[PDB]
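Encoded as structure tokens, the structure appears first; notes follow it.
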Amino acid sequence: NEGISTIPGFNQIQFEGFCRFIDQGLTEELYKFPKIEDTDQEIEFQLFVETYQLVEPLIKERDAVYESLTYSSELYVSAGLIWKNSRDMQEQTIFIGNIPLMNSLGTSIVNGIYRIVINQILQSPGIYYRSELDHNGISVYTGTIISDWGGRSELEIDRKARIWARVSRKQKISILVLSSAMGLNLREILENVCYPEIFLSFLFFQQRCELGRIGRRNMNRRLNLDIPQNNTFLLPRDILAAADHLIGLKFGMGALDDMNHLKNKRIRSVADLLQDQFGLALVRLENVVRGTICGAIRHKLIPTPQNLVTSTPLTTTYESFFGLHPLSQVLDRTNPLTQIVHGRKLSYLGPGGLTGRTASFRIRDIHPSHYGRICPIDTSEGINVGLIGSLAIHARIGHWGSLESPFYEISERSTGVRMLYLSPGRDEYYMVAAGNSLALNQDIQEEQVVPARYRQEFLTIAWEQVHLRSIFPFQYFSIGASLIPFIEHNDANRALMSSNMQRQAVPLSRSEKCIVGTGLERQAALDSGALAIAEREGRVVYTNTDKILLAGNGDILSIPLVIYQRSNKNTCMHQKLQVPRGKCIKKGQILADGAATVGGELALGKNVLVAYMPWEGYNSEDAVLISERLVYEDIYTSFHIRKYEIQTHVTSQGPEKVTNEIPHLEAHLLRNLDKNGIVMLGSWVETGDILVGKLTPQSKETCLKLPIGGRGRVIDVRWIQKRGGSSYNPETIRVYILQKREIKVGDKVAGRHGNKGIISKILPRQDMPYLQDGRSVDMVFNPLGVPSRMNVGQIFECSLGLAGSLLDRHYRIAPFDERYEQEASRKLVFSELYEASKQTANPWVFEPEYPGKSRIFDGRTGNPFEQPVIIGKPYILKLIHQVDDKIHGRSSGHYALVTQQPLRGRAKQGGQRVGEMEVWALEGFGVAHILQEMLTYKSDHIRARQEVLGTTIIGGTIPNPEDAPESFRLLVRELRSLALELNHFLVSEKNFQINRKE
Amino acid sequence: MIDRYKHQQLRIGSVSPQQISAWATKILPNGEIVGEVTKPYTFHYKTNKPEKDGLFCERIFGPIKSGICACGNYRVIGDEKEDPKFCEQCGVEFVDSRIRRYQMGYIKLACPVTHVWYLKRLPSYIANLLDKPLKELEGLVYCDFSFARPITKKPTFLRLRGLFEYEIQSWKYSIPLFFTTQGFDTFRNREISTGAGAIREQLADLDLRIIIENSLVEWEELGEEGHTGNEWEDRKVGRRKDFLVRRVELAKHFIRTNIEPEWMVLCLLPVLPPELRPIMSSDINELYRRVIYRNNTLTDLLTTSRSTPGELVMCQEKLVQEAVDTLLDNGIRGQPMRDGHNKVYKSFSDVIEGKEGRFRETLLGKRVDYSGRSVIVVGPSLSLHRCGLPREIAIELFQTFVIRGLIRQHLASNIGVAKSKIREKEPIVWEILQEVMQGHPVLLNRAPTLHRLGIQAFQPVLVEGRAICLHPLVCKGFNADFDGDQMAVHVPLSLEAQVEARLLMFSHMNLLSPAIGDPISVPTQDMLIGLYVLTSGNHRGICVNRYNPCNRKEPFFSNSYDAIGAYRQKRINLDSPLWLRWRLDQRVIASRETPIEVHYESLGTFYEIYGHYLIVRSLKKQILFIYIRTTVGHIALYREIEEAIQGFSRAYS
Amino acid sequence: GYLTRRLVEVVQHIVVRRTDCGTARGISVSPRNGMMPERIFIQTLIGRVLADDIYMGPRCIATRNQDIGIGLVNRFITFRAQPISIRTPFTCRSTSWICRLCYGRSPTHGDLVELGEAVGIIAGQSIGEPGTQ
Amino acid sequence: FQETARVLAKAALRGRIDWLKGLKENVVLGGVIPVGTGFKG
Amino acid sequence: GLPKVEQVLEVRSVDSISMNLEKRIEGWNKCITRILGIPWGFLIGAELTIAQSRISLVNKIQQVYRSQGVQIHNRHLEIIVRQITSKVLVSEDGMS
DNA sequence: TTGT
DNA sequence: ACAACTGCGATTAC
RNA sequence: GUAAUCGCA
Ligand SMILES: [Mg+2]
Ligand SMILES: [Zn+2]
């Protein structure tokens, strides 16, 4: 009913999954709970499943995220306990536990953390019929039956009939024996099966037969069976049929099954995981009920139903699931695009799925079945390549667990038009043509030829024979790839790089829309969740920075805005009002604009003038030369907020005490602290200052200091008293600093077309090359990247952007504009440039001799360059990786307790690692002393290291260490714990004496 | 040429229980012996203090603090005044607490245990020495059985002489009552033994010479006609022969290695030093507590009464041996023995073996002090020996050197004032930092260090930024592109290391790849484009002229300097042809083509016009003038190379 | 990465520790044996040390213990030399170490490998690094 | 390098003696490697 | 390519490296026992097998590297090869 | 898983 | 039974 | 201090 005439919601998948869960999965799980009766009198407690009612959360989301509490709902079910002596059943409602609730965006709040549930792709239960060719002889044919639990009832055939099951570890097993054990009398078996001559010539249980509803259906499909859907059990007729098909495969009457086909796979959504978690929680609850009944019998007391049930199992189960499950990950909130793209991921790796190493090559390639249902250019780069992928824009999840795609039906009928979400297996038996119909050759139009898809193949057929047509432009891609303008002119390899780099953008202090776009930024910003959308019609009577008042139908609703908040990836979140006071807004329109969004469209970068030429080497490899205008005009300024927290953990000996007056500290510090041991709001701090001062008696000084690189204003501090832990808990003090970061040498910039670079010099505007207009270019890029990485759409974008800037237009172009004609992008770009040149009379914009190229001058000398250069205004983004974060340096500070090597990590102030591939290079160069120094006194030799500082301060020569490092000594100790000795035992060549080194 | 003889020989072997005892045994001043671990307790309850005679005991291992003791009185080691080495009240010695790192312990085991490596590996050394099958030994170790004759060097009255006794149903109650009960206990060891005494008696009472003799005899017997038989029989004969050869080799090695097979069964188990397993609590220590608990329960059951049931003590012996197996090496038997959270326990074999094991993670790879990483950018005006280095990294790398500089000059009195001045970012600190590293070499390196050119050496130049500048021509070596790559920095402290870095590891000394000896540092992307534009040429044929010149180049320059000046003054274009006079060199590479036209006048001077040059001569066969036809690009490249060579030669003097 | 690691281990020990080991045997390199590729023959001869004198009539083109160069290879292919005896790590008299003459010219600078150089590691890296392509 | 425990048990039972004429042997021991400047001539 | 490089170096089977090489090796192993007697048959067979295996092992690796344009010097391949072909296996018949 |  | 790239950095969960 | 997960080049 929805998504067949417009782009569906990006978060509709999680929405419908959570809805189906709450609708049916809770009741289905509550139905299967057993009747607790563990006694001689058989005192029985029961839960009335019909009286299942969830309750609204006691706290709001804005309070859960603030107080680090979970956002859940209360499950109340009426229960009846029939006592043995009372001979009656008292009925009361019990609080089983809390069930987490999902937001409209798909995210859940557990312990104050935003977490998303990534979907998993698992093979569907069924019969599979693979084959394998033997080294010598005929090819072996095998049929595997897959169960919901994961049972494998294999069947094999040798050169003879030899219908042997591979269930047993032994050589083989008799299929006739299995059929006789099933119930067959050895006569009806041969009577029912086809080709009975072959069968007659040849002369644990619950989990294998636990076929799902899906399993039943599939079994019926492959092996024609009329077994009702309800009977989801491995019937012997199914086995008989399986055998029949297997023998038939030997004579050529069969078709093997492709296990990479989607129709053979199921998708597990948040509902499937929540249902299993609820079942496990119910099992734990039944165990706890049995235990408390056993205890009440020991204490000679018949208790009320409330006394039996405790709220622990449900809460602890859901908490452990959200905390430790491999398919529950924290939401990435670097930019609004990440929030939406995170919930569309489909993963092969997971609990019950292929591990990175396990996955065969075949698993990781596109299968023709993935067309329109999965993204063919969005994967995870690394060892898990081809195992983590996204979900198509127009896809939906089906009733049977299969992803479905929208296909138009061009076949003539009563309606003559349909949009059907065909499942993966069904679209194979259809002629799907993605081409247009704008061709006439003096014959009827239906006689024209067009490429089409049939039986997982490509072929050319007449328009009379095509049943389906793929009209939607964004049907075969995902949100990440669809945001790439002119994607047809870019290589498929660079598309993945561009999709990955769009995810890294940092929201800037100011936002500007893109001149050239694909038109998906609107719905992206709509479904991102960082936008204020009204839920009621009315008028905006009052406008304020903190809140917005919307008066409608005699009711006033207040919407709270976000003012300089902090995301999970240290990126600022802020919202600004868009609508003025006194205008009407419908239910759905935009009230305010969040970060990285202006005018309701996603805006992850800026539009700057760009020239493609080499400049004095500053552009070698990939490197960008940028002007100072981007610096002193705050074009790429961004705000980053980092949090630091230390809990006041109360030890058994003494609790921690927070005092401002702490001795043994210099007077230059502690200025920011208040009367209480905490920094004040609005205080500028730097590296090595004290944020929270604690006496820590148990006295000492476990304080909070700033690390290297932390220089920002203290925006807010929170004193968080922790409760609900069944006992007094430590208070938490969270400080927040805001670091304004400008664009600097070493920062990464990127373009939507896969172009990435690192700034190398900030030249002034006077030295920058200027156009014939007189304006200096903002950035200069290397023109040799285009033939290397094969990105041609960037040129188009630059030019169209120049044209737009001059004519004050914004172009939202759907991909694959060459379906209309040939060189449609080129025609559009050249036409818009000419118009700009005519309207604003700048002849330079369109040069008839070389369209799209102009001749610029040098800022230094003032002489024109020989060849023309490309001048445009592309959309450049600033990436999260920044130099400040990557800078690091260690002299001699801290060591590991056991290894005694220097520590790891930039935050921990640790050195760099000399691996085996570097020791090899050092040995090849022949630098023995450098290797020895690095392996002993710069790393592990405690005495030598202690002496190094003294020798360097005094200035004396550092002697060569002769003792063994701590790593070797450790080995000796370990090996001798393993009862193995190790002695150096050096022998002097002078006097032939053995000397042990300890 | 007598070489410098260095002789170092590491040695490994099985250690006797006496040595593992002497690794821990120590004699206090009072006269007690310390070293035995007997209690599973690691630390006190809500006191965070080491428990006595425990896994972390101060008495047996050492004090937890330097100069402090568990008794409560601090002392100074090495003082002039006489001080007792160890407190009379408390066993802990007054020493620096580094000993806890290097000090070992040992738990005495009432019932012996068998090493997992020797027993349960597919090649079983115990099953090799004792010709008894591996299944029999694994049973006798794990499943209650009996071995009839474990001693062959003592008198034996009973004539059982059996390999595996599957049951004790044989009459033994009438035999024990008949003999004095103490007497029965005395000879039961020579009689049927069970669990861990039979293996030790077989390994101890054994003659390796008789073993090699019998194995050689059986080898000589077999192989006469086994190959003639079927493949199965030949395979069995071959496997037996290989087993016999391995037995011979093991016995021959045991004869002359001062190592006894008795040490394969562990009477006493060593305990790792406490610091190496610091409690946060480790599994090592969890398994240690488990084996300690099981061993003390076994000792209690043994010391309680001899009339105790054999089943209980045997089951506790099996539990002790399984705990010892899980401690030493888990996973060889195939049983994971997970924790309370269904997680497998780590063992010493898992610690040593693995990529993340002891060897590869620690010994062959480690991190160093004096190191920093940052992103890399192009510095296109640097020399092959110079590299741009940020100041915030240099101040941390060379911090000790600038401290020494502040101490030497009258700028800082002490180390603290100098460190405070360095933290304050005073201007003199940067001057001292510059003066410090003018002759110091920096070792840059990259994470994918595939070849030997991944690590090189440069001269650090102080820059104002956060990005490490690198020379462009040196990028190929590091496979570096400025798209986000990062690099590390290393400072050689010793003078020998500085000499090595400055002489061997510099870029000017490594210009040829070690694969085929080809130039690795060459113009790649933009310099190649510039050179190609310089030396490309000019439009020669129909491109330069619209009509044939038959119906109907111009500039003549005496010096290359004049042509370059005219190009700088925009008089002539880059590709514009010209004539350049040469001083009798004829070094221009060209095709072997005869003159296209030769003009000979009456007086004797003949002009020879070639494709790219004109050579005027006279009647005396004397080359009067030579004019080369080229462009400013070729002469510019030639002049820049020649002037580079000449400037190098002049600067040498 | 995996291939680069294993190779280094096998040949890690080898280091040039002798100027000459005394071997009188050398492999015979002839073009017609392997279809006579000129470039491959030149690459094979360049960098090796001769183990036997090459005579074209009374004159000796190159004697023993001499390092072949591009000019010598060109003279050999011009004079159509018969199978040439050169030194190689195969004809060395030891497996733990090699000598300067058996190894030949150093790839780094262009002279005999100096004593103390570890050629084993170098070869492993020179084989592993181009394995990416 | 691949089977640490096996070769360790084998060398322990045999009693092997290793003379540090290799690079990784001195690397583990933390000493001067007999290569280049570490080769005494 | 690179999988073929790994294969030759780890000599899993001599048929993998070449069929002609395995044929010649088994032919020598069979025939050389007849002629040249006991003391001068094993040595000459070992030398012939070493020569043929080294020549083969190199030619294969160098061809695999040159098919893609990678130019490597035969010396580096030789050092490694020597180690592969530097040990001998005593037969089961002789024990002393 | 893939092969050893 | 054994092994299957090198390192770095970030987070949360114990 | 260890895991899980993602990213980086
Ligand atoms: Mg790169
Ligand atoms: Zn296009």
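The analysis underlying the following values was restricted to heavy atoms, covering all of them including side chains, and did not include hydrogens, waters or symmetry mates. Convention: sequence-line order gives letters A, B, ...; per-chain numbering from 1.
- Nearest nucleotide to the side chain of B/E353, out of G/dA13, G/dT6, G/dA3: G/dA3.
- Remark: A/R333 qualifies as a cation-pi partner of A/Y114 under the 6.0 Å distance and 45° angle criteria applied to the six-membered ring.
- Residue A/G382 is out of contact with every strand shown, counting any heavy-atom pair closer than 4.0 Å.
- In this structure, CD on E/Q7 lies 8.5 Å from CD1 on E/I17, to the nearest 0.5 angstrom.
- Listed nucleotides G/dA4, G/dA10, G/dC2 differ in distance to A/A907; the shortest reach to its side chain belongs to G/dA10.
- Residue A/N500 has its side chain nearest to H/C8 when only G/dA13, G/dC8, H/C8 are considered.
- A cation-pi arrangement is absent between A/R364 and A/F361, since the terminal nitrogen or guanidinium carbon is not both under 6.0 Å from the aromatic centre and inside a 45° cone about the axis.
- Contact annotation: B/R367 reaches the phosphate of G/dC8 (side-chain N/O to OP1 or OP2, under 4.0 Å).
- A/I146 has its side chain within reach of A/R152: a pair of non-hydrogen atoms, C-beta onward, lies under 4.5 Å apart.
- Distance CG (A/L879) to P (G/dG9): 20 Å, rounded to an integer number of Å.
- Among the nucleotides G/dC8, G/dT12, G/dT6, the one closest to the side chain of A/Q912 is G/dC8.
- If you check every strand for non-hydrogen atoms under 4.0 Å, A/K756 touches sugar and phosphate atoms only.
- A/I880 has its CD1 atom 14 Å from the P atom of H/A9, to the nearest Å.
- Among the protein residues, A/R503 comes within range of the sugar-phosphate backbone only, with heavy atoms under 4.0 Å from sugar or phosphate atoms but none that close to a base.
- Where A/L903 and A/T379 each meet RNA chain H at their nearest nucleotide, the meeting point lying more 5' is that of A/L903.
- Side-chain nitrogen and oxygen atoms of A/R906 include none within less than 4.0 Å of the OP1 or OP2 phosphate oxygen of G/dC8.
- Distances shown here put every side-chain N or O of A/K569 at or beyond 4.0 Å from the OP1 or OP2 atom of H/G7.
- You'll find that the side chain of A/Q329 is closest to H/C6, out of G/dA4, H/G7, H/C6.
- Taking the charged nitrogens against the carboxylate oxygens, A/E966 and B/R101 do have a contact shorter than 4.0 Å, which makes a salt bridge.
- Within the nucleic acid shown, C/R6 has no heavy atom closer than 4.0 Å to any nucleic acid atom.
- Distances from the side chain of A/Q504 to the nucleotides G/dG9, G/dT12, H/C8 place H/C8 closest.
- Here the P atom of nucleotide G/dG7 and the CG atom of B/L364 are 11 Å apart, to the nearest Å.
- Between A/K748 and the phosphate of H/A9, there is a side-chain N or O to OP1/OP2 separation shorter than 4.0 Å.
- Classification of the B/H115-B/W117 ring pair by plane angle, with boundaries at 30° and 60°, yields perpendicular.
- As a whole-Å value, the separation of A/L324 CG from G/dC14 P is 4 Å.
- Ionic pairing of A/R130 and A/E132 is not present here: no N-O contact between side-chain nitrogen and carboxylate oxygen is shorter than 4.0 angstrom.
- The listed nucleotides are G/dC5, G/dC2, G/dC8; the one nearest the side chain of C/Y2 is G/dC5.
- For the pair A/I641 CD1 and G/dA10 P, the computed distance is 19 Å after rounding to whole Å.
- In the set G/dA4, G/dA13, H/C6, the nucleotide with an atom closest to the side chain of B/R360 is G/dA4.
- Out of G/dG9, F/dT1, G/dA3, the shortest distance to the side chain of A/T358 is found at F/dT1.
- For B/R446 and B/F478, the positive end sits near the middle of the six-membered ring, less than 6.0 Å away and at most 45° from its axis.
- To the nearest angstrom, P of H/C8 lies 6 Å from NE2 of A/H881.
- Taking the side chain of A/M917 as heavy atoms from C-beta on, and the options G/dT6, H/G1, G/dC5, the nearest nucleotide is G/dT6.
- In this structure, B/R367 fails the cation-pi test against A/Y895, since its NZ or CZ atom is not both closer than 6.0 Å to the six-membered ring centre and inside 45 degrees of the ring normal.
- Put simply, CG on B/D283 is 17 Å from P on H/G1, counting in whole angstrom units.
- Atom OH in A/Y348 sits 7.5 Å away from atom CD1 in A/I363 (nearest 0.5 Å).
- Within the 4.0 Å cut-off from OP1 or OP2 of G/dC5, at least one side-chain nitrogen or oxygen of A/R357 is found.
- Between H/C8 and G/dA1, the two P atoms lie 36 Å apart (nearest whole Å).
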Checklist entry - Please, what dot-bracket string fits RNA chain H when only Watson-Crick and G-U pairs with both distances under 3.5 Å count, crossing ones use [ ] and pairs to another strand use |? => result ||||||||.
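- G/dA4 and H/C6 are spaced 22 Å apart, taking the P atom of each and rounding to whole Å.
- The interatomic distance linking E/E6 (CD) with F/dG3 (P) rounds to 12 Å, in whole Å.
- Both A/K908 and B/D483 lie close to RNA chain H; mapped to their nearest nucleotides by heavy-atom distance, the more 5′-ward contact belongs to A/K908.
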